[PDB]
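K.L.:
Got a structure for you, written out below as structure tokens; questions coming shortly.
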Amino acid sequence: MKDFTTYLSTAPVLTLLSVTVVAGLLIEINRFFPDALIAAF
Amino acid sequence: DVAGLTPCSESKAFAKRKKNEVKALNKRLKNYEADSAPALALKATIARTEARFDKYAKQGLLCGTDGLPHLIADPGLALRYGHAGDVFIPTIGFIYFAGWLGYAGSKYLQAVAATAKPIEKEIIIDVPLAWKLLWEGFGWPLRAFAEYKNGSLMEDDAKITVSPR
Amino acid sequence: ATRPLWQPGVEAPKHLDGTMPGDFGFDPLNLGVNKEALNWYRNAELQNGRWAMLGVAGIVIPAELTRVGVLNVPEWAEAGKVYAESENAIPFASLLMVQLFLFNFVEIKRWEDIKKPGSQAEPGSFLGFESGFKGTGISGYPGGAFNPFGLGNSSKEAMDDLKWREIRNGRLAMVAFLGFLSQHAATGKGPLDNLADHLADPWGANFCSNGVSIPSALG
Amino acid sequence: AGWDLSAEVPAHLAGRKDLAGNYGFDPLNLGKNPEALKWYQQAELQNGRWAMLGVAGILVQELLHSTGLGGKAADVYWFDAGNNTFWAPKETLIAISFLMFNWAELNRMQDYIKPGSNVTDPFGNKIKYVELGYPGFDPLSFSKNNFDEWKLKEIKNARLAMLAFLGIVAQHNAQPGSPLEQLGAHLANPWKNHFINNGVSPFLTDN
Amino acid sequence: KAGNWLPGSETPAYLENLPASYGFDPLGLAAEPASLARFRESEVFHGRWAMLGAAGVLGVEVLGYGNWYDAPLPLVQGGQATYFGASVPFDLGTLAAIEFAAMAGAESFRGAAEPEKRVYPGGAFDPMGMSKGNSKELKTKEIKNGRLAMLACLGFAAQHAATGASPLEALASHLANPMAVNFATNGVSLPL
Ligand code: CLA
Ligand SMILES: CC1=C[C@H](O)CC(C)(C)[C@H]1/C=C/C(C)=C/C=C/C(C)=C/C=C/C=C(C)/C=C/C=C(C)/C=C/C1=C(C)C[C@H](O)CC1(C)C
Ligand SMILES: CC(=O)/C=C/C=C(C)/C=C/[C@H]1[C@H](C)CCCC1(C)C
Ligand SMILES: NCC(=O)NCC(=O)O
């Protein structure tokens, strides 16, 4: 376990995981708030 | 109007573009039973297009000679014309988020530099420490201005290595 | 040191000792690790808290007094336009410039306090009034001409107690003013209007029903 | 312990016996700070004396209103007293009261800040002074025998009167009429006329 | 001292030997010697100006020449200012000029002197020689009358800015109906 979590902290896996999380977040934001051209508040 | 650009809610070419794009999607519709999955997809697409064109007209974006929204990139000439959401507000938003990520990374570097194996803590990140610093990075304007007024943000060039001229 | 903290069980950071009034060990973002920045933030909190206490008073007290039937002043959001449309009203630009010109003098004086907390007491500054600016050793607590009644001007720990009362009330006032701003942006009603509305139907009239708090897109 | 058997006097009320009506009642420890307790004793005395005056006024004036003796002045409800004309309008009465009470209450406050420094009048008359909250106003000198007993009587009646005034205002907001009118209303049945059956107090019953 | 402002109290130590001192300094404005040494002269001058002002406000109205407020109205309105009934044919600009020249030379001569000579100049400013013969009591007289006149001038300005009447007119309106013609009755001063 400790070594498995160390493996999950490696740059190859953590980078890929973070890119996946940020990509998913942008995809969700664009799915619910689409076609937003300006910061209309 | 800020420079010969009538509001898209007034421009006839903008509404004409709306019309033409919707008419294209209608022509694509006229081939499926209006209850099949392709028909539902086309109807959803048309609803999305109509919503976008109404949203753009509501927010008062400027359309040119053609029917396409234009943006203003000068504070003052966009703040006295109600167009600060075009470049200035997203400028603030970006600058903030970019600074947040940069400050989180910078502080992580300065935190793992003073350890046993600093070259090891870059390829095997310490996730709890990275996450703590990622949370602390949200106040980056405050902390960065504090470090500049303190002089601890930067390093004097007498200590940075340089090339032999 | 052993004082109650914002989270019981979470120890306070080793920079928020226990000397500042209002110190509960709350600093998750670690904004006050630098001592000089911590002093500037303390002074900023004092200014924000005092202005928010004044503002929230001038918002609720006229509002509640209007509600019962006295003074019948407008609601705080439209009070700017209500005066602005009056006959002999000062123009907005000139009014704002008058206010900013006065506050320039006052706030640069307070600033030169914040740097060296005895700066403005040098003789020859004002016309004999410079003595009242000597400060009290801590920035943000002038005393002298300020504090005319000499409250807490006795037992030191008495002044420490009133400092905690002041800072707690100021924190409450700033939270309440953020509440007023966010409530008027969402529900175009007044503070007491929202209060008397929520008590009517707490499960129906809240922040998950105005439709502005929770995004309509999601639901 | 006195106020509630098997409980325990809260230390700061334990050995501090020179307070009138000390029964150890302090579930909230507002008086833990000695200066706070020194201020709170004075607050209790002021509230109690003013409430004895006010409740005596309410009860006597409303008894006169019910029976009928004081004329058009007193044939009104206590809370509707602003409709009587009087020798002055409301405003000048309020202004006069501001001025006079500023004088009296600042004399008392100056007594508080340095006890005993303000006893003498501009004409040189000098009164005595015993204890902080008790300025020794004794024209008939009911204070030389069993003084603690007399202070106990005063404080107990003061607490009763403050309770009475809280009841007066709560009942006036709950049920209509004069206080003694409500007392008679309760005494009428009484098993139905009680705070439960008002539609204003439980709220759990009949909306 | 002679006075205690607050009958029981402790008064500022530096206020003891001054003429007409009541220990009135709860703000500590004159704690340092220079501030007090300036404020004494400022107060005396303020009192003299007030006494003269109040005399003028009473005299311009008690004799029968109008208010203390309408004084400068005949300065514009085309022209023509009245003084006892003369025309004094002097437009607005020359009044400011003549008064500026006079007050500039006078105030630049009275101040350029020593601190005692700045406030209590014997010279020709005591023609009847009342400056000697125990002047401490007379200094108390001057200072207390000056305080009274300062409050009088402040009251003139405030009651005009509230009721719009005149000192004698306000006094008459109060004496006729003391009961509903007070500061408490005009809805400016007392609001509640
Ligand atoms: C947190 C790390 C970090 C920080 C604070 C900076 C900061 C800076 N960089 Mg730099 N850079 C980085 C990483 C970083 N860089 C990496 C990984 C690369 C390799 C691709 C580069 C390559 C690079 C070049 C070629 C240049 C700079 C330049 C600069 C300066 C101009 C600002 C800018 O827009 O740069 C631009 C930023 C990039 C081009 C890429 C950014 C990389 C990602 C987005 C950030 C990394 C975050 C980290 C992985 C996450 C850690 C978080 C933690 C919780 C674990 C600035 C001081 C410019 C300069 O010379 O100064 C004037 C310049 O030309 N950088
Ligand atoms: C502590 C910490 C630390 C950690 O580490 C991190 C974190 C978490 C970030 C933190 C937190 C923070 C916070 C919470 C903040 C908030 C603040 C506020 C709210 C302020 C306000 C503040 C506020 C303020 C000043 C206000 C003021 C006000 C005013 C003047 C008003 C005025 C007025 C009036 C009267 C009336 C009229 O008609 C109108 C007007 C004109 C409008
Ligand atoms: C605003 C303006 O225009 C200048 C006013 C000058 C003054 C008050 C100077 C006054 C004196 C001082 C204090 C010492 C030297 C000369 C004075 C006349 C006694
Ligand atoms: N050296 C000039 C001086 O002392 N002036 C005092 C004043 O301003 O009255």
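Residues are named by chain letter and number: chains run A, B, ... in the order of the structure tokens, numbers start at 1 in each chain, and ligands are numbered from 1 in the order shown.
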Show me which residues sit within 8 Å of ligand 4 when counting only C-alpha atoms and all ligand atoms, and put them as an MDAnalysis selection string.
P.N.:
(chainID C and resid 127) or (chainID E and resid 38 41:42 111:112 114:115 118)
K.L.:
Within 9 Å of ligand 3, counting only C-alpha atoms and all ligand atoms, which protein or nucleic acid residues do you find, written as a PyMOL selection string?
P.N.:
chain E and resi 104-113+118
K.L.:
Include N, CA and C atoms and write out the residues we just selected as a tab-separated table (two decimals), in the first residue's frame.
P.N.:
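Output file again-v4.tsv follows:
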chain	number	residue	atom	x	y	z
E	104	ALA	N	-4.31	92.27	6.90
E	104	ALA	CA	-2.99	91.70	6.68
E	104	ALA	C	-1.94	92.47	7.46
E	105	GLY	N	-1.94	93.80	7.34
E	105	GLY	CA	-0.94	94.54	8.08
E	105	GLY	C	-1.15	94.48	9.58
E	106	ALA	N	-2.40	94.43	10.01
E	106	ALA	CA	-2.67	94.42	11.44
E	106	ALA	C	-2.33	93.07	12.05
E	107	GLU	N	-2.73	91.99	11.39
E	107	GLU	CA	-2.49	90.67	11.93
E	107	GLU	C	-1.03	90.28	11.77
E	108	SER	N	-0.30	90.92	10.85
E	108	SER	CA	1.11	90.62	10.68
E	108	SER	C	1.95	91.45	11.62
E	109	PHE	N	1.34	92.43	12.29
E	109	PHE	CA	2.06	93.26	13.23
E	109	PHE	C	1.83	92.75	14.64
E	110	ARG	N	0.61	92.26	14.91
E	110	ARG	CA	0.29	91.77	16.24
E	110	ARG	C	0.89	90.41	16.54
E	111	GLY	N	1.13	89.60	15.52
E	111	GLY	CA	1.67	88.27	15.71
E	111	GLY	C	3.18	88.23	15.71
E	112	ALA	N	3.81	89.07	14.90
E	112	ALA	CA	5.27	89.09	14.80
E	112	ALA	C	5.94	89.50	16.11
E	113	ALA	N	5.18	89.59	17.20
E	113	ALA	CA	5.71	89.97	18.50
E	113	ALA	C	5.92	88.75	19.40
E	118	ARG	N	1.78	89.10	22.20
E	118	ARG	CA	0.84	88.70	21.16
E	118	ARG	C	-0.59	88.66	21.66
K.L.:
Show me which residues line ligand 1, defined as having an atom within 10 Å of a ligand atom where only C-alpha atoms and all ligand atoms count, and present them as a ChimeraX atom specification.
P.N.:
/A:11,14-15,18 /B:98-109,112,121-122,124-137
K.L.:
Near chain D, which residues of chain C fall within 12 Å when you count only C-alpha atoms, and what do they look like as a list in words?
P.N.:
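Close to chain D, chain C has residues 150, 151, 152, 154, 155, 157, 158 and 161 of chain C.
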K.L.:
Those residues with C-alpha atoms, as an mmCIF file, in the first residue's frame please?
P.N.:
data_model
loop_
_atom_site.group_PDB
_atom_site.id
_atom_site.type_symbol
_atom_site.label_atom_id
_atom_site.label_comp_id
_atom_site.auth_asym_id
_atom_site.auth_seq_id
_atom_site.Cartn_x
_atom_site.Cartn_y
_atom_site.Cartn_z
ATOM 1 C CA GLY C 150 -11.344 56.890 28.079
ATOM 2 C CA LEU C 151 -12.969 53.470 27.885
ATOM 3 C CA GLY C 152 -10.526 50.752 28.845
ATOM 4 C CA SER C 154 -7.462 51.924 33.060
ATOM 5 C CA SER C 155 -6.525 48.307 33.703
ATOM 6 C CA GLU C 157 -6.412 43.867 30.663
ATOM 7 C CA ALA C 158 -9.582 45.956 30.545
ATOM 8 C CA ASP C 161 -11.044 42.798 26.851
#
K.L.:
How would you write, as a PyMOL selection string, the set of residues no farther than 8 Å from ligand 2 when counting only C-alpha atoms and all ligand atoms?
P.N.:
(chain B and resi 139) or (chain C and resi 26-32+47-59+75-80+171+173-178)
K.L.:
Print the selection's residues with N, CA and C atoms to a file, as an mmCIF file, in the first residue's frame.
P.N.:
data_model
loop_
_atom_site.group_PDB
_atom_site.id
_atom_site.type_symbol
_atom_site.label_atom_id
_atom_site.label_comp_id
_atom_site.auth_asym_id
_atom_site.auth_seq_id
_atom_site.Cartn_x
_atom_site.Cartn_y
_atom_site.Cartn_z
ATOM 1 N N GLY B 139 -4.415 32.936 -2.164
ATOM 2 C CA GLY B 139 -4.223 34.292 -1.706
ATOM 3 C C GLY B 139 -3.000 34.917 -2.331
ATOM 4 N N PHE C 26 -7.050 31.009 13.381
ATOM 5 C CA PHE C 26 -7.659 30.792 12.076
ATOM 6 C C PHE C 26 -6.763 31.398 11.010
ATOM 7 N N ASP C 27 -6.171 30.545 10.187
ATOM 8 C CA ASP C 27 -5.371 30.993 9.060
ATOM 9 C C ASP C 27 -5.085 29.818 8.134
ATOM 10 N N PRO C 28 -6.105 29.199 7.539
ATOM 11 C CA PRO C 28 -5.845 28.052 6.663
ATOM 12 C C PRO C 28 -5.003 28.378 5.443
ATOM 13 N N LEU C 29 -5.075 29.598 4.924
ATOM 14 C CA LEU C 29 -4.324 29.974 3.733
ATOM 15 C C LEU C 29 -2.927 30.489 4.039
ATOM 16 N N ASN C 30 -2.538 30.568 5.312
ATOM 17 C CA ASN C 30 -1.182 30.955 5.701
ATOM 18 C C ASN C 30 -0.807 32.325 5.150
ATOM 19 N N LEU C 31 -1.776 33.234 5.113
ATOM 20 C CA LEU C 31 -1.515 34.561 4.572
ATOM 21 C C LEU C 31 -0.667 35.418 5.497
ATOM 22 N N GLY C 32 -0.627 35.106 6.789
ATOM 23 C CA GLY C 32 0.072 35.950 7.734
ATOM 24 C C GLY C 32 1.357 35.383 8.298
ATOM 25 N N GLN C 47 -9.529 48.408 10.002
ATOM 26 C CA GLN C 47 -10.211 49.400 9.178
ATOM 27 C C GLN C 47 -11.476 48.831 8.546
ATOM 28 N N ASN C 48 -11.386 47.625 7.988
ATOM 29 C CA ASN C 48 -12.561 46.994 7.399
ATOM 30 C C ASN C 48 -13.635 46.768 8.443
ATOM 31 N N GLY C 49 -13.250 46.305 9.631
ATOM 32 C CA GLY C 49 -14.225 46.050 10.672
ATOM 33 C C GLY C 49 -14.916 47.302 11.149
ATOM 34 N N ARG C 50 -14.167 48.389 11.313
ATOM 35 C CA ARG C 50 -14.784 49.619 11.783
ATOM 36 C C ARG C 50 -15.706 50.214 10.729
ATOM 37 N N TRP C 51 -15.271 50.227 9.469
ATOM 38 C CA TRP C 51 -16.145 50.745 8.427
ATOM 39 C C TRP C 51 -17.357 49.860 8.235
ATOM 40 N N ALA C 52 -17.204 48.545 8.388
ATOM 41 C CA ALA C 52 -18.348 47.651 8.257
ATOM 42 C C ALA C 52 -19.302 47.795 9.417
ATOM 43 N N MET C 53 -18.800 48.004 10.633
ATOM 44 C CA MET C 53 -19.722 48.275 11.738
ATOM 45 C C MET C 53 -20.503 49.558 11.492
ATOM 46 N N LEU C 54 -19.827 50.622 11.056
ATOM 47 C CA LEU C 54 -20.565 51.847 10.744
ATOM 48 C C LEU C 54 -21.589 51.615 9.639
ATOM 49 N N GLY C 55 -21.190 50.930 8.569
ATOM 50 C CA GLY C 55 -22.095 50.731 7.450
ATOM 51 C C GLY C 55 -23.283 49.852 7.792
ATOM 52 N N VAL C 56 -23.045 48.752 8.503
ATOM 53 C CA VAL C 56 -24.139 47.860 8.846
ATOM 54 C C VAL C 56 -25.078 48.541 9.825
ATOM 55 N N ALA C 57 -24.556 49.378 10.722
ATOM 56 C CA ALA C 57 -25.448 50.183 11.547
ATOM 57 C C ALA C 57 -26.304 51.087 10.672
ATOM 58 N N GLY C 58 -25.666 51.850 9.787
ATOM 59 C CA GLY C 58 -26.399 52.777 8.944
ATOM 60 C C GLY C 58 -27.293 52.108 7.929
ATOM 61 N N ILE C 59 -27.221 50.789 7.827
ATOM 62 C CA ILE C 59 -28.123 50.010 6.991
ATOM 63 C C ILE C 59 -29.291 49.451 7.797
ATOM 64 N N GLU C 75 -34.546 52.007 1.137
ATOM 65 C CA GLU C 75 -33.717 50.846 1.406
ATOM 66 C C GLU C 75 -32.324 51.106 0.863
ATOM 67 N N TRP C 76 -31.330 50.499 1.513
ATOM 68 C CA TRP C 76 -29.959 50.974 1.386
ATOM 69 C C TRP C 76 -29.482 50.987 -0.059
ATOM 70 N N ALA C 77 -29.936 50.035 -0.873
ATOM 71 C CA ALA C 77 -29.434 49.946 -2.238
ATOM 72 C C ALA C 77 -29.874 51.135 -3.075
ATOM 73 N N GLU C 78 -31.132 51.543 -2.955
ATOM 74 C CA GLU C 78 -31.643 52.649 -3.749
ATOM 75 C C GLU C 78 -31.431 54.002 -3.092
ATOM 76 N N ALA C 79 -30.835 54.040 -1.898
ATOM 77 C CA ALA C 79 -30.657 55.308 -1.201
ATOM 78 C C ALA C 79 -29.724 56.235 -1.959
ATOM 79 N N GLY C 80 -28.831 55.679 -2.775
ATOM 80 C CA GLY C 80 -27.975 56.523 -3.589
ATOM 81 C C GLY C 80 -28.754 57.288 -4.639
ATOM 82 N N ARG C 171 -15.941 41.623 13.130
ATOM 83 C CA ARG C 171 -16.002 40.446 12.277
ATOM 84 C C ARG C 171 -17.445 40.082 11.965
ATOM 85 N N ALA C 173 -19.920 42.188 11.873
ATOM 86 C CA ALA C 173 -20.463 43.218 10.999
ATOM 87 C C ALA C 173 -20.025 43.021 9.559
ATOM 88 N N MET C 174 -18.762 42.659 9.337
ATOM 89 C CA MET C 174 -18.311 42.401 7.972
ATOM 90 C C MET C 174 -18.999 41.182 7.373
ATOM 91 N N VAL C 175 -19.167 40.114 8.151
ATOM 92 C CA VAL C 175 -19.914 38.972 7.635
ATOM 93 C C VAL C 175 -21.335 39.391 7.276
ATOM 94 N N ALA C 176 -21.958 40.208 8.124
ATOM 95 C CA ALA C 176 -23.317 40.661 7.862
ATOM 96 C C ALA C 176 -23.390 41.555 6.636
ATOM 97 N N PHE C 177 -22.378 42.386 6.404
ATOM 98 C CA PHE C 177 -22.418 43.251 5.228
ATOM 99 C C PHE C 177 -22.239 42.451 3.948
ATOM 100 N N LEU C 178 -21.365 41.448 3.969
ATOM 101 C CA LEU C 178 -21.307 40.541 2.832
ATOM 102 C C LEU C 178 -22.659 39.879 2.619
#
K.L.:
Find the residues near segment 132-144 of chain E: any atom within 12 Å, counting only C-alpha atoms, skip ones fewer than 6 places away on the same chain, and give them as a PyMOL selection string.
P.N.:
chain E and resi 1-3+17-22+40-51+119-123+126+150-151
K.L.:
Please report, as a tab-separated table, each residue of chain E lying at most 12 Å from chain D, together with the nearest pair of atoms and the separation in Å rounded to one decimal; use only C-alpha atoms, and order rows by chain and ascending residue number.
P.N.:
residue	atom	partner	partner_atom	distance
E:3	CA	D:122	CA	10.6
E:4	CA	D:122	CA	10.9
E:5	CA	D:122	CA	11.9
E:6	CA	D:110	CA	8.6
E:7	CA	D:118	CA	7.2
E:8	CA	D:118	CA	5.3
E:9	CA	D:117	CA	7.3
E:10	CA	D:117	CA	9.9
E:177	CA	D:88	CA	11.8
E:178	CA	D:92	CA	10.1
E:179	CA	D:88	CA	7.0
E:180	CA	D:89	CA	7.7
E:181	CA	D:92	CA	9.6
E:182	CA	D:92	CA	8.0
E:183	CA	D:92	CA	9.0
E:184	CA	D:92	CA	6.0
E:185	CA	D:91	CA	7.0
E:186	CA	D:91	CA	10.3
E:187	CA	D:91	CA	10.3
E:189	CA	D:95	CA	10.9
E:190	CA	D:95	CA	8.1
E:191	CA	D:91	CA	9.3
E:192	CA	D:91	CA	7.6
K.L.:
Since we have the selection now, will you write its residues out, keeping N, CA, C and O atoms, as an mmCIF file, in the first residue's frame?
P.N.:
data_model
loop_
_atom_site.group_PDB
_atom_site.id
_atom_site.type_symbol
_atom_site.label_atom_id
_atom_site.label_comp_id
_atom_site.auth_asym_id
_atom_site.auth_seq_id
_atom_site.Cartn_x
_atom_site.Cartn_y
_atom_site.Cartn_z
ATOM 1 N N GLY E 3 -13.164 76.535 40.039
ATOM 2 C CA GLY E 3 -13.961 75.752 39.107
ATOM 3 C C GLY E 3 -13.385 74.352 39.032
ATOM 4 O O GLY E 3 -12.202 74.127 39.291
ATOM 5 N N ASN E 4 -14.232 73.390 38.672
ATOM 6 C CA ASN E 4 -13.772 72.011 38.580
ATOM 7 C C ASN E 4 -14.431 71.309 37.400
ATOM 8 O O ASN E 4 -14.166 70.131 37.157
ATOM 9 N N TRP E 5 -15.272 72.009 36.656
ATOM 10 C CA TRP E 5 -15.930 71.568 35.436
ATOM 11 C C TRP E 5 -16.814 70.383 35.852
ATOM 12 O O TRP E 5 -18.040 70.468 35.792
ATOM 13 N N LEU E 6 -16.192 69.271 36.286
ATOM 14 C CA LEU E 6 -16.896 68.155 36.918
ATOM 15 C C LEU E 6 -16.656 68.218 38.418
ATOM 16 O O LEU E 6 -15.535 67.929 38.865
ATOM 17 N N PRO E 7 -17.670 68.574 39.228
ATOM 18 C CA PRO E 7 -17.480 68.827 40.664
ATOM 19 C C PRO E 7 -16.510 67.911 41.389
ATOM 20 O O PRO E 7 -15.594 68.389 42.065
ATOM 21 N N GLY E 8 -16.689 66.605 41.268
ATOM 22 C CA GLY E 8 -15.668 65.658 41.670
ATOM 23 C C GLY E 8 -14.924 65.219 40.421
ATOM 24 O O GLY E 8 -15.532 65.024 39.372
ATOM 25 N N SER E 9 -13.601 65.091 40.547
ATOM 26 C CA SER E 9 -12.746 64.676 39.441
ATOM 27 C C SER E 9 -11.275 64.756 39.818
ATOM 28 O O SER E 9 -10.930 65.048 40.967
ATOM 29 N N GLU E 10 -10.408 64.483 38.851
ATOM 30 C CA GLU E 10 -9.009 64.884 38.902
ATOM 31 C C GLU E 10 -8.707 65.667 37.634
ATOM 32 O O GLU E 10 -8.941 65.177 36.524
ATOM 33 N N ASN E 177 -44.573 82.131 23.125
ATOM 34 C CA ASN E 177 -44.998 80.745 23.315
ATOM 35 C C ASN E 177 -43.788 79.919 23.723
ATOM 36 O O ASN E 177 -43.172 79.248 22.885
ATOM 37 N N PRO E 178 -43.421 79.937 25.007
ATOM 38 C CA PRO E 178 -42.281 79.120 25.449
ATOM 39 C C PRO E 178 -42.502 77.645 25.238
ATOM 40 O O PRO E 178 -41.536 76.876 25.295
ATOM 41 N N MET E 179 -43.738 77.228 24.992
ATOM 42 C CA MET E 179 -44.113 75.832 25.151
ATOM 43 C C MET E 179 -43.962 75.035 23.870
ATOM 44 O O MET E 179 -43.467 73.906 23.895
ATOM 45 N N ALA E 180 -44.388 75.599 22.743
ATOM 46 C CA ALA E 180 -44.305 74.906 21.470
ATOM 47 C C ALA E 180 -43.444 75.671 20.481
ATOM 48 O O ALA E 180 -43.576 75.479 19.267
ATOM 49 N N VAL E 181 -42.566 76.543 20.968
ATOM 50 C CA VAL E 181 -41.634 77.226 20.085
ATOM 51 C C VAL E 181 -40.243 77.118 20.695
ATOM 52 O O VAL E 181 -39.683 78.108 21.173
ATOM 53 N N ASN E 182 -39.681 75.913 20.688
ATOM 54 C CA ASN E 182 -38.348 75.650 21.208
ATOM 55 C C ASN E 182 -37.481 75.056 20.111
ATOM 56 O O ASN E 182 -37.901 74.915 18.961
ATOM 57 N N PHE E 183 -36.249 74.703 20.480
ATOM 58 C CA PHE E 183 -35.452 73.870 19.593
ATOM 59 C C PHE E 183 -36.090 72.504 19.428
ATOM 60 O O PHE E 183 -35.951 71.871 18.375
ATOM 61 N N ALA E 184 -36.810 72.039 20.451
ATOM 62 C CA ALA E 184 -37.429 70.726 20.392
ATOM 63 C C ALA E 184 -38.615 70.700 19.444
ATOM 64 O O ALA E 184 -39.047 69.613 19.046
ATOM 65 N N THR E 185 -39.143 71.861 19.070
ATOM 66 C CA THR E 185 -40.350 71.931 18.261
ATOM 67 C C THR E 185 -40.070 72.076 16.775
ATOM 68 O O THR E 185 -40.752 71.443 15.965
ATOM 69 N N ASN E 186 -39.091 72.888 16.384
ATOM 70 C CA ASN E 186 -38.658 72.868 14.995
ATOM 71 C C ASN E 186 -37.987 71.531 14.709
ATOM 72 O O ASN E 186 -37.136 71.075 15.477
ATOM 73 N N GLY E 187 -38.387 70.893 13.614
ATOM 74 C CA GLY E 187 -37.956 69.534 13.354
ATOM 75 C C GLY E 187 -36.559 69.417 12.783
ATOM 76 O O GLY E 187 -36.318 68.608 11.882
ATOM 77 N N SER E 189 -33.313 70.380 15.109
ATOM 78 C CA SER E 189 -32.439 70.046 16.221
ATOM 79 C C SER E 189 -32.815 68.702 16.819
ATOM 80 O O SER E 189 -32.120 67.706 16.611
ATOM 81 N N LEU E 190 -33.917 68.659 17.544
ATOM 82 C CA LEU E 190 -34.367 67.408 18.132
ATOM 83 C C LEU E 190 -35.151 66.621 17.093
ATOM 84 O O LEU E 190 -36.164 67.118 16.591
ATOM 85 N N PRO E 191 -34.722 65.417 16.733
ATOM 86 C CA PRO E 191 -35.441 64.663 15.699
ATOM 87 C C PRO E 191 -36.451 63.677 16.265
ATOM 88 O O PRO E 191 -37.403 63.303 15.575
ATOM 89 N N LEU E 192 -36.262 63.244 17.506
ATOM 90 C CA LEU E 192 -37.107 62.198 18.077
ATOM 91 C C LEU E 192 -37.995 62.717 19.201
ATOM 92 O O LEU E 192 -38.890 62.008 19.660
#
K.L.:
Between atom CA of residue 114 of chain C and atom CA of residue 163 of chain C, what is the distance in Å, rounded to a tenth?
P.N.:
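According to the coordinates, atom CA of residue 114 of chain C and atom CA of residue 163 of chain C are separated by 18.1 Å.
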K.L.:
Quick one: everything within 12 Å of segment 100-112 of chain C, counting only C-alpha atoms, minus sequence neighbours fewer than 2 positions away in the same chain. Send it as a PyMOL selection string.
P.N.:
chain C and resi 40+43-44+47+93-98+114-122+125-126+130+133-135+139-142
